[PDB]
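Student: Same order as they appear, the protein sequences are chains l, t, q and p. Residues in the first sequence are numbered consecutively from 2, following the entry's author numbering. Residues in the second sequence are numbered consecutively from 72, following the entry's author numbering. Residues in the third sequence are numbered consecutively from 58, following the entry's author numbering. Residues in the fourth sequence are numbered consecutively from 1, following the entry's author numbering. Sending over a structure as structure tokens; questions will come in a sec.
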Amino acid sequence: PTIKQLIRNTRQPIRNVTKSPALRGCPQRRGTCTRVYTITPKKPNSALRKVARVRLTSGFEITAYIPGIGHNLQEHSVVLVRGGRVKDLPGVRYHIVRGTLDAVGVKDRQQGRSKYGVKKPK
Amino acid sequence: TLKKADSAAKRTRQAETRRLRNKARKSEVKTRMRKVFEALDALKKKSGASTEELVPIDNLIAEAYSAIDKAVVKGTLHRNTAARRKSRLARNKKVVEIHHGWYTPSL
Amino acid sequence: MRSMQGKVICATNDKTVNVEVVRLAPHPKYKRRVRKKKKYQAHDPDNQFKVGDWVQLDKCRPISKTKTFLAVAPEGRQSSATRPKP
Amino acid sequence: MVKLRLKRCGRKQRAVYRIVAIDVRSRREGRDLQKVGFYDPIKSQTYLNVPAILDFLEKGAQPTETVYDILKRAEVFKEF
RNA sequence: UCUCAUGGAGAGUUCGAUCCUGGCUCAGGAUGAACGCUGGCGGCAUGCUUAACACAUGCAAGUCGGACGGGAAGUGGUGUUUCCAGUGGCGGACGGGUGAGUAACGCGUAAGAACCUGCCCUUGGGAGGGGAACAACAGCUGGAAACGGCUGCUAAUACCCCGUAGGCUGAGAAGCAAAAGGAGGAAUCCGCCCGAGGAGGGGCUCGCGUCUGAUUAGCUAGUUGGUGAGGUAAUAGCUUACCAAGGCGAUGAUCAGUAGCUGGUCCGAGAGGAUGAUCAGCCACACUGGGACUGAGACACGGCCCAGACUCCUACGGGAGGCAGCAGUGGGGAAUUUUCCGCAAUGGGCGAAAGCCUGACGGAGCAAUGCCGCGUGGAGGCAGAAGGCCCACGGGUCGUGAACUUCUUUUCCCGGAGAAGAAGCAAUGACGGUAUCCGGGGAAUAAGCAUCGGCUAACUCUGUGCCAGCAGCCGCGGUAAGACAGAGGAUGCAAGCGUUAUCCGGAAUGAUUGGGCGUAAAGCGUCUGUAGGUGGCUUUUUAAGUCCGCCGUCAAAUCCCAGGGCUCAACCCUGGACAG
Ligand SMILES: [Mg+2]
Ligand SMILES: [Mg+2]
Ligand SMILES: [Mg+2]
Ligand SMILES: [Mg+2]
Ligand SMILES: [Mg+2]
Ligand SMILES: [Mg+2]
Ligand SMILES: [Mg+2]
Ligand SMILES: [Mg+2]
Ligand SMILES: [Mg+2]
Ligand SMILES: [Mg+2]
Ligand SMILES: [Mg+2]
Ligand SMILES: [Mg+2]
Ligand SMILES: [Mg+2]
Ligand SMILES: [Mg+2]
Ligand SMILES: [Mg+2]
Ligand SMILES: [Mg+2]
Ligand SMILES: [Mg+2]
Ligand SMILES: [Mg+2]
Ligand SMILES: [Mg+2]
Ligand SMILES: [Mg+2]
Ligand SMILES: [Mg+2]
Ligand SMILES: [Mg+2]
Ligand SMILES: [Mg+2]
Ligand SMILES: [Mg+2]
Ligand SMILES: [Mg+2]
Ligand SMILES: [Mg+2]
Ligand SMILES: [Mg+2]
Ligand SMILES: [Mg+2]
Ligand SMILES: [Mg+2]
Ligand SMILES: [Mg+2]
Ligand SMILES: [Mg+2]
Ligand SMILES: [Mg+2]
Ligand SMILES: [Mg+2]
Ligand SMILES: [Mg+2]
Ligand SMILES: [Mg+2]
Ligand SMILES: [Mg+2]
Ligand SMILES: [Mg+2]
Ligand SMILES: [Mg+2]
Ligand SMILES: [Mg+2]
Ligand SMILES: [Mg+2]
Ligand SMILES: [Mg+2]
Ligand SMILES: [Mg+2]
Ligand SMILES: [Mg+2]
Ligand SMILES: [Mg+2]
Ligand SMILES: [Mg+2]
Ligand SMILES: [Mg+2]
Ligand SMILES: [Mg+2]
Ligand SMILES: [Mg+2]
Ligand SMILES: [Mg+2]
Ligand SMILES: [Mg+2]
Ligand SMILES: [Mg+2]
Ligand SMILES: [Mg+2]
Ligand SMILES: [Mg+2]
Ligand SMILES: [Mg+2]
Ligand SMILES: [Mg+2]
Ligand SMILES: [Mg+2]
Ligand SMILES: [Mg+2]
Ligand SMILES: [Mg+2]
Ligand SMILES: [Mg+2]
Ligand SMILES: [Mg+2]
Ligand SMILES: [Mg+2]
Ligand SMILES: [Mg+2]
Ligand SMILES: [Mg+2]
Ligand SMILES: [Mg+2]
Ligand SMILES: [Mg+2]
Ligand SMILES: [Mg+2]
Ligand SMILES: [Mg+2]
Ligand SMILES: [Mg+2]
Ligand SMILES: [Mg+2]
Ligand SMILES: [Mg+2]
Ligand SMILES: [Mg+2]
Ligand SMILES: [Mg+2]
Ligand SMILES: [Mg+2]
Ligand SMILES: [Mg+2]
Ligand SMILES: [Mg+2]
Ligand SMILES: [Mg+2]
Ligand SMILES: [Mg+2]
Ligand SMILES: [Mg+2]
Ligand SMILES: [Mg+2]
Ligand SMILES: [Mg+2]
């Protein structure tokens, strides 16, 4: 407000806080699943969601969502995780890229296939 | 026998030999200067008349100047370093003689 | 360039003075002018200058680990001498 | 010392030089004192600004072979 | 109605509705990007951001026989000519890589005065007379090797002495100091020594500008100044002794934390925000620390010495080494290429030249990493047929779409010719028989990827039933789901299309331009007052701000304007300028 007051450095920005601290400034990271299990969604959304706990290369442990329908992942599997938030499940800030490393592609998905890591059918 | 490292080796050996030459040319100066300073102390403390004692002193001075410049042009020293060595000797020779009494510029 | 005019804060030391120079600058963002004050070790042979003096400050070779500046007689200043009143 | 030489500009396979007065120890495209000539093989484009050239040849700037012979064709060695 | 302006968009979400304050979220740009699916070509670029973590192999700095003594290849022999270790000469201080350290005169800018300077110019004088060594070589000898040891031996542009010197010391008197020859038959050339200049390259000093933290408040004793002696190429607490008690600090000292800096790049209507890859300048570093030596120049990446850590070789006694040079291997990692060709061009080093060496560089190869161009056909095509899908069974729609008929051949294929880049004597081209040009076939060889509830362009049907799943936000999904999954259809982009990460925008959401504080977050409980900020009227002075003119500079490249060149564009080149 007062000029004299601004000249004392009274305007300072709020810095940009990341939504995915565990990645540490990366598009993806690789990790190993410590556990694979289901959680119930915050009400009123009832379902059973497929989440794994993944221990990363950057050392962290997180809880990543697994997309699509059904999966082959089990403990001591090596997967690739990416960012993005599942508004349902408290604390789950990361997905698991399908079709890479140890996660296979979703079976028999015909539409938007690149999002699930599936070949084109001939 | 066939040896290939020209740059390294040859330059290393050259460095030794030249180093010893340089060492000589410097040692000379520290020496003859030192004799001069002994003569200057011995004269500053006691009472002889300079007119007399300045002769051995100036033989030593002429020597040390000779060493200085020989080492400039042989090139172990930089000339501007020389000038200071000489100016030091001159200054001491001027200091003792004011204690004793022959010369004192004032304006 | 232009030499810096100032006033003496400390005369106590020998062959030296400690000057304060005040300048105004247009602060980078907010466009208002500000007084920034800096101190200098000025070399003053003869020790002619006392505390409170208003002195012009000049540049020369290094005299010390600090004093680079020659203390110099006040350059031009408005006479505090009384003038006629027509 | 000061050298009058070519610095290589333009692109891959298509090369175009400036003729520059620069200390001999800077890089081939490095910084310089003065820009003087322009040269190019493929467009057969060549020309020089002679006042500068002479003012540098005078203070002892040495040219490089190619340049030497460019100044030859343009008759700067006669005036010298 | 002259002149300026080429620029500022919103939407959903608290409520039963409304208006507001306020956050979250979205639409746009940009990447040194990564991942998923898909992938025809060309043009110009780009390519270990993490571990300044380790390195197997090979190559990245030499050259001069016109300084010099030798011996080894030949030849018939010192007529010819080659190589070669060694001493000497210059060069290895440039070029190349990296960003760890550094909050500093390190960097940008603008000044200064006490300096240095090989090579290159310009200029003033010179080069007498002697002598002594040391490698090489020889002999003896020690070592697995690496590398040594004795005694002899020898040349020089290599060392030492003396004479002379427009220089150095000094108030002076005086004192003191230099040389080198090699070519050629001679002329002459390249050198050598001492001064005195020039330009360029370095060293210092200072104004200004140069991150976050007060839950970091006092810090500094060679510290701040003075003298005397030393030291440095030069000024200086640079050193040292003595004297004095200063210096810095709430306008943030010290301490902690992060960081190479700048031309620039990205974004913004602008004001300004974020950042510092390629490209160019400067700094700093070279396995981890410390020294110096040589030298015009180093405290020296491919030099020396020492200590340490680590790897290798060893016949066990000892040695060898430093990829953050070009490739390459392991390792870390989401992630970043060939153990390529060439000195032909430009630039360097040495050389009288011939020339030699250059992983600088010039080029190729690999990769849709990015930007730009082009293609995957063009014209006609009953309004009749198969089929998918929808349908109130009337028909609609995929759809002039295909099939089908002709034209064309960029690209593809098979043959031919075939550059500029090379510079003034010819010769000499890695790229490459590539770019381009002429012929012959033939629609022939080439379309995917997201989305379709609102923001947001694009909709129906079958399958599921709070399940399986989606989601950027609101939120969808319990029997007919425009929000899930499939189908058909549409829409958007297009050799790319999406998802994630990062930054600015929108955000007027840290507000100078551009907000607020009665009740929404927000006026100290109230005064007194120090620094600090602002402060009535009139005349004069001055000219620090302020304004106007002129000059210097703010490197080139980039951005902006005007032309020109690659068929166009990207990209390159010339010229010029507003800002500030
Ligand atoms: Mg944002
Ligand atoms: Mg000699
Ligand atoms: Mg030509
Ligand atoms: Mg409410
Ligand atoms: Mg509601
Ligand atoms: Mg608001
Ligand atoms: Mg976007
Ligand atoms: Mg592929
Ligand atoms: Mg790195
Ligand atoms: Mg090796
Ligand atoms: Mg080689
Ligand atoms: Mg020969
Ligand atoms: Mg030869
Ligand atoms: Mg010679
Ligand atoms: Mg012969
Ligand atoms: Mg040889
Ligand atoms: Mg270097
Ligand atoms: Mg370099
Ligand atoms: Mg490079
Ligand atoms: Mg500075
Ligand atoms: Mg500096
Ligand atoms: Mg500063
Ligand atoms: Mg030299
Ligand atoms: Mg002689
Ligand atoms: Mg002599
Ligand atoms: Mg001959
Ligand atoms: Mg002869
Ligand atoms: Mg910055
Ligand atoms: Mg002391
Ligand atoms: Mg750092
Ligand atoms: Mg804005
Ligand atoms: Mg890099
Ligand atoms: Mg660079
Ligand atoms: Mg290393
Ligand atoms: Mg030296
Ligand atoms: Mg260094
Ligand atoms: Mg080196
Ligand atoms: Mg190396
Ligand atoms: Mg490498
Ligand atoms: Mg690997
Ligand atoms: Mg790995
Ligand atoms: Mg090669
Ligand atoms: Mg070459
Ligand atoms: Mg060349
Ligand atoms: Mg030459
Ligand atoms: Mg290259
Ligand atoms: Mg390919
Ligand atoms: Mg391409
Ligand atoms: Mg391609
Ligand atoms: Mg890709
Ligand atoms: Mg890549
Ligand atoms: Mg058609
Ligand atoms: Mg045809
Ligand atoms: Mg030719
Ligand atoms: Mg053809
Ligand atoms: Mg719509
Ligand atoms: Mg969807
Ligand atoms: Mg998003
Ligand atoms: Mg229902
Ligand atoms: Mg049913
Ligand atoms: Mg249904
Ligand atoms: Mg129905
Ligand atoms: Mg659907
Ligand atoms: Mg479909
Ligand atoms: Mg803002
Ligand atoms: Mg305001
Ligand atoms: Mg508000
Ligand atoms: Mg309330
Ligand atoms: Mg309130
Ligand atoms: Mg109140
Ligand atoms: Mg209170
Ligand atoms: Mg008050
Ligand atoms: Mg007051
Ligand atoms: Mg006032
Ligand atoms: Mg007033
Ligand atoms: Mg510029
Ligand atoms: Mg144009
Ligand atoms: Mg054009
Ligand atoms: Mg231009
Ligand atoms: Mg200006």
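A virtual CB, placed ideally from N, CA and C, is assigned to each residue, including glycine.
Rounded to whole angstroms, how far is the Cβ of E77 of chain q from the Cβ of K64 of chain q, which I believe are closer than 8 angstroms?
Tutor: Position 20 of the third sequence holds residue 77 of chain q. Position 7 of the third sequence holds residue 64 of chain q. Right, their Cβ atoms sit about 6 angstroms apart.
Student: When DSSP labels each residue in this structure, what does residue 180 of chain t get in the three-state scheme?
Tutor: What is shown of chain t runs 72 to 178, which leaves residue 180 of chain t out entirely.
Student: Over what stretch of residues does the alpha helix (DSSP H) that includes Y68 of chain p continue unbroken?
Tutor: In the fourth sequence, residue 68 of chain p corresponds to position 68, counting from 1. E65 to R73 is the extent of the alpha helix (DSSP H) around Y68 of chain p.
Student: Once you ignore the five residues that flank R156 of chain t on each side, which residues in its own chain have a CB closer than 6 angstroms to its CB?
Tutor: As a first step, residue 156 of chain t is located in the second sequence; it is residue number 85 there, counting from the start. Closer than 6 angstroms at the Cβ level, and outside the excluded window around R156 of chain t, lie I139.
Student: Look at the alpha carbon of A21 of chain p and the alpha carbon of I53 of chain p, and state the distance between them as a whole number of angstroms.
Tutor: Numbered from its first residue, the fourth sequence carries residue 21 of chain p at position 21. Numbered from its first residue, the fourth sequence carries residue 53 of chain p at position 53. Looking at the two C-alpha atoms, the distance is approximately 8 angstroms.
Student: For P63 of chain p, count neighbouring Cβ atoms within 10 angstroms of its own Cβ and tell me buried if that reaches 16, exposed if not.
Tutor: Locating residue 63 of chain p in the fourth sequence gives position 63, where the first residue counts as 1. Per the 10 Å Cβ criterion, buried.
Student: Which residue comes first and which comes last in the beta strand (DSSP E) that contains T39 of chain l?
Tutor: Within the first sequence, residue 39 of chain l is the residue found at index 38, counting from 1. Here the beta strand (DSSP E) through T39 of chain l covers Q29 to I40.
Student: Check the DSSP bridge columns for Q34 of chain p and list the partner residues they point to.
Tutor: Taking the first residue of the fourth sequence as 1, we reach residue 34 of chain p at position 34. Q34 of chain p is bridged to p:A21.
Student: Of the residues t:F108, t:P176, t:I169 and t:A76, which one's Cα is nearest the Cα of residue 209 of chain t?
Tutor: Past the boundaries of the shown model lies residue 209 of chain t; chain t is included only from 72 to 178, so the question cannot be answered.
Student: How would you write the range of the beta strand (DSSP E) that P83 of chain q sits in, first residue to last?
Tutor: Numbered from 1 along the third sequence, position 26 holds the residue referred to as residue 83 of chain q. Run containing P83 of chain q: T73 to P83, per the beta strand (DSSP E) assignment.
Student: Give the residues of chain l in contact with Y87 of chain q, contact being defined as C-beta atoms less than 8 angstroms apart.
Tutor: Mapped onto the third sequence, residue 87 of chain q falls at position 30. Neighbours of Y87 of chain q on chain l, chain order: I4, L7 and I8.
Student: When burial is assigned at 16 or more other CB atoms within 10 Å of the CB, is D77 of chain t buried or exposed?
Tutor: Locating residue 77 of chain t in the second sequence gives position 6, where the first residue counts as 1. It is exposed - the Cβ of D77 of chain t has fewer than 16 other Cβ atoms within 10 Å.
Student: Looking at C-beta atoms only, is the number of pairs between the stretch 100-118 of chain q and the stretch 69-86 of chain q that lie closer than 8 angstroms three or more?
Tutor: Cβ pair count under 8 angstroms is three or more, so yes.
Student: If we ignore side chains and look at the alpha-carbon of each, how far apart do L71 of chain p and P28 of chain l end up?
Tutor: As a first step, residue 71 of chain p is located in the fourth sequence; it is residue number 71 there, counting from the start. As a first step, residue 28 of chain l is located in the first sequence; it is residue number 27 there, counting from the start. Approximately 58 angstroms between the Cα atoms of the pair.
Student: In angstroms with no decimal places, state the Cα-to-Cα distance between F77 of chain p and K145 of chain t.
Tutor: Sequence index remark: in the fourth sequence, residue 77 of chain p carries index 77 (1-based). Sequence index remark: in the second sequence, residue 145 of chain t carries index 74 (1-based). Approximately 41 angstroms, taken between the alpha carbons.
Student: Would you mind telling me which residues of chain l sit closer than 7 angstroms to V79 of chain q, beta carbon to beta carbon, in chain order?
Tutor: Mapped onto the third sequence, residue 79 of chain q falls at position 22. Within 7 angstroms Cβ-Cβ: nothing; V79 of chain q doesn't reach chain l, min ~17 angstroms.
Student: How about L74 of chain l and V98 of chain l: do their beta carbons lie closer than 8 angstroms?
Tutor: As a working mapping, residue 74 of chain l is identified with position 73 in the first sequence. As a working mapping, residue 98 of chain l is identified with position 97 in the first sequence. Against a cut-off of 8 angstroms, the Cβ pair of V98 of chain l and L74 of chain l comes out as no contact.
Student: In whole angstroms, give me the CA-to-CA distance for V126 of chain t and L178 of chain t.
Tutor: Residue numbering aside, residue 126 of chain t sits at position 55 when the second sequence is read from its first letter. Residue numbering aside, residue 178 of chain t sits at position 107 when the second sequence is read from its first letter. Using only the alpha carbons, I get a separation of about 30 angstroms.
Student: Measuring CA to CA, which of t:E123, t:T122 and t:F108 is closest to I132 of chain t?
Tutor: The sequence position of residue 132 of chain t within the second sequence is 61, counting from 1. When only C-alpha atoms are compared, the closest one is t:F108.
Student: Would you mind giving the Cβ-Cβ distance between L24 of chain l and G100 of chain l, rounded to the nearest angstrom? I have them listed as a contact below 8 angstroms.
Tutor: Reading the first sequence from its first residue, position 23 is the one you call residue 24 of chain l. Reading the first sequence from its first residue, position 99 is the one you call residue 100 of chain l. The pair is not a contact, with the Cβ atoms about 19 angstroms apart (cut-off 8 angstroms).
Student: Could you spell out where the beta strand (DSSP E) holding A23 of chain l opens and where it closes?
Tutor: Residue 23 of chain l sits at position 22 when you count from the first residue of the first sequence. Segment: none, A23 of chain l is in no beta strand (DSSP E) and carries neither H nor E.
Student: Quick one: Cα of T88 of chain t to Cα of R150 of chain t, how far?
Tutor: Here residue 88 of chain t refers to the residue found at position 17 of the second sequence. Here residue 150 of chain t refers to the residue found at position 79 of the second sequence. Near 22 angstroms, if we compare the C-alpha coordinates of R150 of chain t and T88 of chain t.
Student: So what's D55 of chain p in DSSP terms, helix, strand or just coil?
Tutor: In the fourth sequence, counting from the first residue as 1, residue 55 of chain p sits at position 55. The answer is helix: DSSP assigns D55 of chain p an H, G or I state.
Student: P91 of chain l to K123 of chain l, Cα distance in whole Å?
Tutor: On the first sequence, position 90 is the one that residue 91 of chain l refers to. On the first sequence, position 122 is the one that residue 123 of chain l refers to. Computed Cα separation, rounded: 41 angstroms.
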